[PDB]
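Labels below follow one simple rule: chain letters A, B, ... track the order of the sequence lines, proteins then strands, and each chain is numbered from 1.
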Amino acid sequence: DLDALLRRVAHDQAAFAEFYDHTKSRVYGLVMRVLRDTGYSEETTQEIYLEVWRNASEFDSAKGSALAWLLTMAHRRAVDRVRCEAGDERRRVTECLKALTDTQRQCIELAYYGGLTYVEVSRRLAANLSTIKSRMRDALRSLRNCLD
Amino acid sequence: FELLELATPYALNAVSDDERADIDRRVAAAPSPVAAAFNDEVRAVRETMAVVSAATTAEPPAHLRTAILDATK
């Protein structure tokens, strides 16, 4: 249904309000996590939903979920910001993140939340590019499996 | 096969803007079966992280809703 909501936001609709209402805590929370500044996190979140509105016609549900489309563009924008410059689902995910090995949790922590490129992670962890790429893959596979 | 190694980093936005453009350039040239495998990988990672977002959730201020819905006009 979130896909159907996003399908209705391109021209205008009152579903943009509903699309926003259902996703805002996850977008804002991610941005907050990456930027760690209330002011810029608010402004970045606005930019994200402005892009949702404008580029919603580019969305193709047969390429991925509306949720993934939104969070991916939100993450890209927040990470860029760093470089250029209910509770049940929450605890379910936290268990899976905690069930990862230390190295596999560290890869996601530095790359995803810390905004580091896989090259930057390889340099910081004194490892090869092959190793970090395989490790990022392993971390995401374990998460995919645990969350299923 | 090597190109498939970049899918996960790419999906996490864990490549530089330079390298991202090189990857896009490369899956643009790759044969259809290779490009599909890459995109399936990328997609699967984005979905996983979209699910994972439940862990970092946080409530925005009500004033942001006002400005966001108004920016449509």
How about B/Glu47 and A/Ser65: does a side-chain donor come under 3.5 Å of a side-chain acceptor?
-> yes
May I ask you to say whether B/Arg20 pairs ionically with B/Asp17, meaning some side-chain N is under 4.0 Å from a carboxylate O?
-> no
Determine, stepwise, if the pair A/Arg90 / A/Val93 fulfils side-chain contact (heavy atoms from CB on, under 4.5 Å).
-> CA-CA 5 Å; A/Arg90 182 184 63 190; A/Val93 169; over 6 Å; no
Any ion pair linking A/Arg92 and A/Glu89 (charged N to carboxylate O, less than 4.0 Å)?
-> yes
With side chains defined as the heavy atoms from C-beta onward, is the minimum distance between A/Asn145 and A/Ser142 less than 4.5 Å?
-> no
Side chain of A/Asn128, backbone of A/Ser130: donor and acceptor closer than 3.5 Å?
-> no
Would you mind reporting whether A/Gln46 and A/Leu50 have side-chain heavy atoms less than 4.5 Å apart?
-> no
Within-4.5 Å side-chain heavy-atom neighbours: A/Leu30 and A/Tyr112 = yes
Closest approach of B/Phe38 and B/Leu6, non-hydrogen atoms and distance?
-> CE1-C, 4.0 Å
What distance separates A/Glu43 CD from A/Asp37 CG, expressed to the nearest 0.5 Å?
-> 9.0 Å
In this structure, CD of A/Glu42 is separated from CE of A/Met32 (nearest 0.5 Å) by 9.5 Å
Is the shortest side-chain N to carboxylate O distance from A/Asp102 to A/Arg105 below 4.0 Å?
-> yes
Flag yes if A/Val82 and A/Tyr113 sit in one hydrophobic cluster, no otherwise; membership is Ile, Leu, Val, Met, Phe, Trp, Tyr, and two members link when side-chain heavy atoms are under 4.5 Å apart.
-> yes
Can you find a pair of side-chain heavy atoms, one from B/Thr8 and one from A/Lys133, that are under 4.5 Å apart?
-> no
Does B/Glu59 pair with A/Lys24 as a salt bridge, N-O distance under 4.0 Å?
-> yes
Gap separating the CZ atom of A/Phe16 from the OH atom of A/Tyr49, nearest 0.5 angstrom | 8.0 Å
Within 6.0 Å of NE2 in B/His63, more than 12 heavy atoms from elsewhere = yes
Can any side-chain N or O of A/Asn55 pair as donor or acceptor with the backbone N or O of A/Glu58 at less than 3.5 Å?
-> no
Which pair of non-hydrogen atoms, one from B/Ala55 and one from A/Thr94, has the smallest distance, and what is that distance?
-> CB-OG1, 4.0 Å
State the CG-CZ distance between B/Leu4 and A/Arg137, to the nearest 0.5 angstrom.
-> 6.0 Å
Yes or no on side-chain contact (heavy atoms from CB on, under 4.5 Å) for B/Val15 and A/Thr117, after CA distance, side-chain angles and deciding distance?
-> CA-CA 5 Å; B/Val15 293; A/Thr117 68; 5.7 Å; no
Does a sphere of radius 6.0 Å around CZ in A/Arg83 hold more than 12 heavy atoms from other residues, nucleotides or ligands, not counting ones at 6.0 Å or beyond?
-> yes
Could you tell me whether B/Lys73 and A/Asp12 make a salt bridge, using a distance below 4.0 angstrom between a side-chain N and a carboxylate O?
-> no
Does any N or O in the side chain of A/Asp3 come within less than 3.5 Å of the main-chain N or O of A/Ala66, such that one atom is a donor and the other an acceptor?
-> yes
Is any side-chain heavy atom of A/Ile108 less than 4.5 Å from a side-chain heavy atom of A/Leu143?
-> yes
Does a donor on one side chain sit under 3.5 Å from an acceptor on the other, for B/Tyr10 and B/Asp24?
-> yes
Is the shortest heavy-atom distance from the side chain of A/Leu71 to the side chain of B/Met49 under 4.5 Å?
-> no
Check whether any side-chain N or O of A/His75 sits under 3.5 Å from a backbone N or O of B/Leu12 as a donor-acceptor pair, and report yes or no.
-> yes
Dump the intermediate steps for salt bridge (charged side-chain N to carboxylate O under 4.0 Å, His left out) on A/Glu109 and A/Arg33, then the final yes or no.
-> CA-CA 11 Å; A/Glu109 198 78 54; A/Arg33 179 62 226 262; 3.1 Å; yes
When every non-hydrogen atom of A/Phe59 is compared with those of A/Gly64, the smallest separation belongs to CE1-O, 3.5 Å
In plain terms, say whether A/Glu47 and A/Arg77 are close enough for a salt bridge, that is, a side-chain N and a carboxylate O under 4.0 Å apart.
-> yes
To the nearest 0.5 Å, what is the distance between OG (A/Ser61) and CG (A/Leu6)?
-> 9.5 Å
Residue that, paired with A/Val121, satisfies side-chain contact (heavy atoms from CB on, under 4.5 Å) out of A/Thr131, A/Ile132, A/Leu129 = A/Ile132
Return yes if some donor-acceptor pair links the side-chain N/O of A/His22 with the main-chain N/O of A/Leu2 below 3.5 Å, else return no.
-> no
With a cut-off of 6.0 Å (strictly less than), are more than 12 heavy atoms of other residues, nucleotides or ligands near CG of A/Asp60?
-> yes
Applying the side-chain contact (heavy atoms from CB on, under 4.5 Å) test to A/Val52, which of A/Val27, A/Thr23, A/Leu70 qualifies?
-> A/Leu70
State whether the side chain of B/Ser53 and the backbone N or O of B/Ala50 hold a donor-acceptor pair below 3.5 Å, judged by distance alone.
-> yes
Any donor and acceptor pair, going by atom type alone, linking the side chain of A/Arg91 with main-chain N or O of A/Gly87 inside 3.5 Å?
-> yes
More than 12 foreign heavy atoms under 6.0 Å from CZ of A/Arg8: is that the case here?
-> no
Residues A/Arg135, A/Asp138: salt bridge by 4.0 Å N-O rule | no
Sidechain-backbone polar pair: A/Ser122 side chain, A/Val119 backbone, donor-acceptor under 3.5 Å | yes
Check ion pair B/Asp22-B/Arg25 (N to O, under 4.0 angstrom) = yes
Stepwise, does the side-chain contact (heavy atoms from CB on, under 4.5 Å) test hold for B/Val45 with A/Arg144?
-> CA-CA 8 Å; B/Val45 165; A/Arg144 192 180 306 110; 4.0 Å; yes
When every non-hydrogen atom of A/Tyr28 is compared with those of B/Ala58, the smallest separation belongs to CD2-O, 3.5 Å
side-chain contact (heavy atoms from CB on, under 4.5 Å) between A/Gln104 and A/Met136, intermediate numbers included | CA-CA 7 Å; A/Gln104 289 162 32; A/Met136 284 181 175; over 6 Å; no
Closest contact, heavy atoms only, A/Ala15 versus A/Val9 | C-CG1, 4.2 Å
Would you confirm whether B/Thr72, through its side chain, and B/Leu69, through its main-chain N or O, come within 3.5 Å as a donor-acceptor pair?
-> yes
Which atom names give the shortest non-hydrogen contact between B/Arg65 and A/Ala17, and what distance separates them?
-> NH1-O, 3.4 Å
Is atom CD of A/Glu18 surrounded by more than 12 heavy atoms (other residues, nucleotides or ligands) closer than 6.0 Å?
-> no
Kindly compute the distance separating OG1 (B/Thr48) from CG (A/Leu140), expressed to the nearest 0.5 Å.
-> 6.0 Å
